[PDB]
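*Asks:* Can you keep this structure in mind? I'll have questions shortly.
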Ligand SMILES: NC(=O)c1ccc[n+]([C@@H]2O[C@H](COP(=O)([O-])OP(=O)(O)OC[C@H]3O[C@@H](n4cnc5c(N)ncnc54)[C@H](OP(=O)(O)O)[C@@H]3O)[C@@H](O)[C@H]2O)c1
Ligand SMILES: NC(=O)c1ccc[n+]([C@@H]2O[C@H](COP(=O)([O-])OP(=O)(O)OC[C@H]3O[C@@H](n4cnc5c(N)ncnc54)[C@H](OP(=O)(O)O)[C@@H]3O)[C@@H](O)[C@H]2O)c1
Ligand SMILES: CC(C)(C)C1=NCCc2c1[nH]c1ccccc21
Ligand SMILES: CC(C)(C)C1=NCCc2c1[nH]c1ccccc21
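Chains as they are written, first to last, in PDB author numbering: chain A, 2 to 284; chain B, 1 to 284.
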């Protein structure tokens with residue numbers, strides 16, 4: 002089989018190296034042509050233009066920073082797009098993903114939206130999985146090649162779905178990473194060693210994740226029993242974190258935001274309810 | 001035969017009282033809301049009439065209150081009932097206010113050991129339970145054989161602020177992770193998808209985040225942020241996609257805006273090509 006990969010960031014390069022090793026014939030284009038040097042040594046073919054890349058295969062995988070990069074790179078391709086399957090594995094909003102399907106469908110191209118849920122060194126590892134959404138039959142046709150990148154997770158016909166799941170996962174992932182930096186900054190600022198927090202940070206992350214079922218259960222019921230923990234109690238800590246960050250001279254954005262959820266839930270009369278009562282503020 | 005007081009009968013105070021009783025400690029309690037002692041008294045706790053009495057019932061006084069102000073509201077009228085006591089305060093507050101509370105207790109001849117219990121009420125006394133402690137090493141060592149029943153004691157050092165500092169850093173991780181779960185669930189629900197469907201994927205990605213802890217420590221200690229695997233520009237684009245997706249679906253923007261603003265500021269300070277860890281330069 003032949004595949005085209007447009008975008009040779011670490012994710013693009015990992016996908017090329019995987020599809021090559023599984024004996025696919027891979028055509029690449031990149032904005033920065035030099036970054037193709039590695040995958041070309043491994044027998045990827047370098048296209049001169051995006052439109053050239055599109056002509057080299059019926060399966061076109063984009064790994065770009067956002068969906069605007071797709072418009073920037075393919076806006077000029079005209080009839081090179083007709084009959085192509087565009088598998089867009091780029092971050093963007095659900096609404097821009099849905100717009101992109103219409104856009105591509107006017108130029109006679111099919112969108113399959115995806116999101117790869119592992120970093121580049123795990124692409125095509127056992128851990129690797131990818132959300133997909135858009136037309137099932139079209140996806141099914143290329144699933145056999147795409148699967149080398151990771152366990153497909155087909156979500157449905159709405160192109161926005163894979164993107165919604167990706168953005169929901171990355172809210173968890175990026176916000177957690179920011180919370181690690183926040184926790185480390187608070188220690189470092191008070192002269193303690195962030196290294197000493199690590200084992201306890203793992204513990205508390207594992208603990209946080211053990212609340213997922215109760216969060217889903219209570220929020221879908223809009224029922225927030227406060228017997229084990231009140232928004233008043235949790236909100237007090239949110240203020241203690243903010244004040245400790247003010248005292249230590251570290252950034253306030255993240256703890257301000259968390260405190261704001263508790264303050265609005267308390268002002269709204271959920272002081273005696275579970276922390277899940279913040280759903281009444283966030284949702 | 002050992003003796004202990006617990007002041008504060010929220011879920012954690014009660015949890016701690018049942019654990020101590022079940023380990024054969026004599027437990028005297030006081031709560032602002034005397035009714036909440038019903039179950040622990042039925043388990044052999046003694047309900048003191050006043051805070052002053054409860055202090056005199058043991059030399060080991062455990063506080064489980066919402067903040068350290070609650071300790072002032074309750075121990076203000078104590079005076080010399082406080083003389084010679086070990087106050088193990090297991091309440092959330094700032095490091096600064098913990099250090100202040102030590103000085104304040106020492107004027108009334110009482111010793112502070114600050115602690116932070118790192119598990120919820122149901123896991124108090126369970127294998128997973130652990131408690132940060134900081135304060136005088138010899139005083140703490142004296143009451144540790146009773147305290148360790150509540151969970152594995154982690155003694156951090158002499159500075160009373162230390163346990164409060166590690167507690168606040170842990171709850172930064174914990175409370176922000178919970179808000180992030182709400183944020184993710186809100187986004188699915190607003191677009192008519194079922195949050196229940198994200199749960200196993202949300203669990204997996206929390207695991208993935210935690211596997212970055214060592215590289216985060218390494219890169220921020222060095223202030224060295226190689227972007228070969230992930231740039232702040234790429235992670236920042238997604239931070240903006242989250243805020244834009246939430247804006248589109250009518251979900252609260254506060255938490256995604258906080259995260260997106262770290263990326264904006266790191267990129268504007270010239271770290272666009274660096275690792276996400278370069279946000280250290282804006283956060284620290
Ligand atoms: N890194 C990860 O761990 C990871 C994991 C899962 C998903 N993702 C997602 O996968 C996608 C790719 O990420 P990545 O980290 O591999 O790389 P990235 O740093 O997002 O770069 C991806 C590619 O996009 C190109 N690009 C960006 N804007 C462009 C534009 N306006 N016109 C033309 N080309 C443009 C870059 O070109 P240049 O090469 O010329 O700079 C690069 O080839 C992103 O949507 C990201 O959210 C990343
Ligand atoms: N829930 C958890 O999972 C958990 C886990 C670890 C640590 N913690 C921390 O442990 C402490 C106890 O939390 P919790 O969830 O068990 O309960 P909580 O809802 O904070 O209440 C604890 C106690 O504080 C009392 N209180 C609050 N303000 C007071 C005041 N001004 N004067 C007198 N009493 C006052 C309450 O009295 P009334 O009963 O009269 O209202 C109650 O006995 C907090 O610092 C919390 O951050 C909680
Ligand atoms: C969650 C994961 C691994 C799929 C991922 N997607 C792109 C955002 C991102 C990811 N891994 C990262 C690691 C650092 C910064 C952003 C990262
Ligand atoms: C992290 C843990 C379990 C020790 C904890 N400390 C007090 C804040 C708090 C805790 N667990 C909670 C669960 C819900 C709301 C607040 C919570």
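Every residue, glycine too, gets a C-beta built ideally from N, C-alpha and C.
Could you list which residues in chain B have their beta carbon closer than 8 Å to that of residue 261/A, in chain order?
*Replies:* Here residue 261/A corresponds to residue number 260 of the first chain, with the count starting at 1. Simply 254.
*Asks:* Taking the runs of the alpha helix (DSSP H) that are 4 residues or longer, which of them lie wholly in the segment 72-157 of chain B?
*Replies:* Counting only runs of 4 or more, we get 95-107, 137-147.
*Asks:* Is residue 73/B close to chain A? Criterion is C-beta to C-beta, closer than 8 Å.
*Replies:* One-based indexing of the second chain puts residue 73/B at position 73. No - not a single Cβ of chain A is within 8 Å of the one on residue 73/B.
*Asks:* Within 8 Å, do at least three Cβ pairs link the segment 188-202 of chain B to the segment 224-236 of chain A?
*Replies:* Judged by Cβ distances under 8 Å, the segment 224-236 of chain A makes no contact with the segment 188-202 of chain B, as fewer than three pairs qualify.
*Asks:* Straight-line CA distance for residue 119/A to residue 128/A?
*Replies:* For this step, residue 119/A is matched to residue 118 along the first chain. For this step, residue 128/A is matched to residue 127 along the first chain. If I take the Cα positions, the gap works out to 7 Å.
*Asks:* Does any C-beta atom of chain A lie closer than 8 Å to the C-beta of residue 201/B?
*Replies:* The sequence position of residue 201/B within the second chain is 201, counting from 1. Yes - at least one Cβ of chain A is within 8 Å of the one on residue 201/B.
*Asks:* Along chain A, in chain order, which residues have C-beta atoms closer than 8 Å to that of residue 33/B?
*Replies:* What you label residue 33/B is simply residue 33 of the second chain in a count that begins at 1. Chain A residues near residue 33/B: none, gap ~12 Å exceeds 8 Å.
*Asks:* Starting from residue 170/A, find everything on chain B with Cβ-Cβ shorter than 8 Å and list it in chain order.
*Replies:* Translated into positions along the first chain, residue 170/A becomes position 169. The answer, in chain order, is 184, 198, 201, 202, 205.
*Asks:* What in chain A is Cβ-close to residue 173/B, meaning under 7 Å?
*Replies:* Along the second chain, one-based indexing puts residue 173/B at 173. In chain order: 180, 181, 184, 202, 205, 206.
*Asks:* For residue 93/A and residue 165/A, I'd like the C-alpha separation in whole angstroms.
*Replies:* Taking the first residue of the first chain as position 1, residue 93/A is located at position 92. Taking the first residue of the first chain as position 1, residue 165/A is located at position 164. Approximately 9 Å, taken between the alpha carbons.
*Asks:* Nearest-angstrom Cα distance between residue 1/B and residue 31/B?
*Replies:* Along the second chain, read from residue 1 onward, the residue named residue 1/B stands at position 1. Along the second chain, read from residue 1 onward, the residue named residue 31/B stands at position 31. Between residue 1/B and residue 31/B, the C-alpha separation is close to 24 Å.
*Asks:* Under 8 Å between the Cβ atoms of residue 78/B and residue 51/B?
*Replies:* Numbered from its first residue, the second chain carries residue 78/B at position 78. Numbered from its first residue, the second chain carries residue 51/B at position 51. Yes, Cβ-Cβ distance for residue 78/B and residue 51/B is below 8 Å.
*Asks:* Under 8 Å, with one C-beta from each stretch per pair, do the segment 60-80 of chain A and the segment 39-48 of chain A reach the 3-pair mark?
*Replies:* Taking 8 Å as the limit for Cβ pairs, the verdict is that the segment 39-48 of chain A does not touch the segment 60-80 of chain A.
*Asks:* Kindly indicate the opening and closing residues of the alpha helix (DSSP H) around residue 245/A.
*Replies:* The residue you call residue 245/A lines up with position 244 of the first chain. Looking at the DSSP string, the run of the alpha helix (DSSP H) that includes residue 245/A is 232-249.
*Asks:* Looking at C-beta atoms only, is the number of pairs between the segment 255-275 of chain A and the segment 213-228 of chain A that lie closer than 8 Å three or more?
*Replies:* Contact holds: three or more Cβ-Cβ distances are below 8 Å.
*Asks:* Below 8 Å on the Cβ atoms is my contact criterion, and I expect residue 146/A with residue 133/A to pass it. Report the Cβ-Cβ distance as a whole number of Å.
*Replies:* Numbered from its first residue, the first chain carries residue 146/A at position 145. Numbered from its first residue, the first chain carries residue 133/A at position 132. Their Cβ separation, rounded to whole angstroms, is 13 Å, which puts residue 146/A and residue 133/A out of contact at 8 Å.
*Asks:* Are the beta-carbon atoms of residue 258/A and residue 57/B separated by less than 8 Å?
*Replies:* For the purposes of this step, residue 258/A is identified with residue 257 of the first chain, where counting begins at 1. For the purposes of this step, residue 57/B is identified with residue 57 of the second chain, where counting begins at 1. No.
*Asks:* Let me check one thing: in DSSP terms, what residues is residue 26/B bridge-paired to?
*Replies:* As a position in the second chain, residue 26/B is number 26, starting the count at 1. DSSP output for residue 26/B lists 3/B as bridge partner(s).
*Asks:* For the segment 149-157 of chain B and the segment 173-188 of chain B, state whether three or more C-beta atom pairs, one from each stretch, are separated by less than 8 Å.
*Replies:* Because the criterion of three Cβ pairs below 8 Å is not met, the segment 149-157 of chain B and the segment 173-188 of chain B do not touch.
*Asks:* Go ahead and pull the three-state DSSP assignment for residue 63/B.
*Replies:* Translated into positions along the second chain, residue 63/B becomes position 63. In the structure shown, residue 63/B sits in a strand (DSSP, three-state: E or B).
*Asks:* Cα separation between residue 249/B and residue 103/A?
*Replies:* Here the question's residue 249/B lines up with position 249 in the second chain. Here the question's residue 103/A lines up with position 102 in the first chain. Taking the straight line from one Cα to the other gives about 20 Å.
*Asks:* So is residue 283/A in contact with chain B if we call contact Cβ pairs under 8 Å?
*Replies:* Taking the first residue of the first chain as 1, we reach residue 283/A at position 282. Yes, residue 283/A counts as interfacial toward chain B.
*Asks:* Where the beta carbon is closer than 5 Å to any heavy atom of ligand 3, which residues qualify, in chain order?
*Replies:* Taking each Cβ in turn, the ones that pass are 118/A, 120/A, 174/A, 230/B, 235/B, 276/B.
*Asks:* With respect to 7 Å, is the separation between the Cβ of residue 228/A and the closest non-hydrogen atom of ligand 2 below this value?
*Replies:* To locate residue 228/A, count along the first chain from 1; it is residue 227. No, ligand 2 has no heavy atom inside 7 Å of this Cβ.
*Asks:* Closer than 8 Å, CB to CB, is residue 241/A near chain B or not?
*Replies:* Here residue 241/A is taken as the residue at index 240 of the first chain, counted from 1. Answer yes: the Cβ-Cβ gap between residue 241/A and chain B drops below 8 Å somewhere.
*Asks:* Closest to residue 28/B by C-alpha separation, out of 21/B, 35/B, 46/B, would be which residue?
*Replies:* The sequence position of residue 28/B within the second chain is 28, counting from 1. Of 21/B, 35/B, 46/B, the residue nearest in Cα terms is 46/B.
*Asks:* What are the partner residues of residue 46/B, as DSSP defines its beta bridges?
*Replies:* Translated into the one-based positions of the second chain, residue 46/B becomes position 46. DSSP, once it has assigned bridges, lists 28/B as partnering residue 46/B.
*Asks:* Given residue 231/A, which residues of its chain have a CB within under 6 Å of its CB, disregarding the five upstream and five downstream residues?
*Replies:* The residue labelled residue 231/A in the question sits at position 230 within the first chain. The answer, listed in chain order, is 273.
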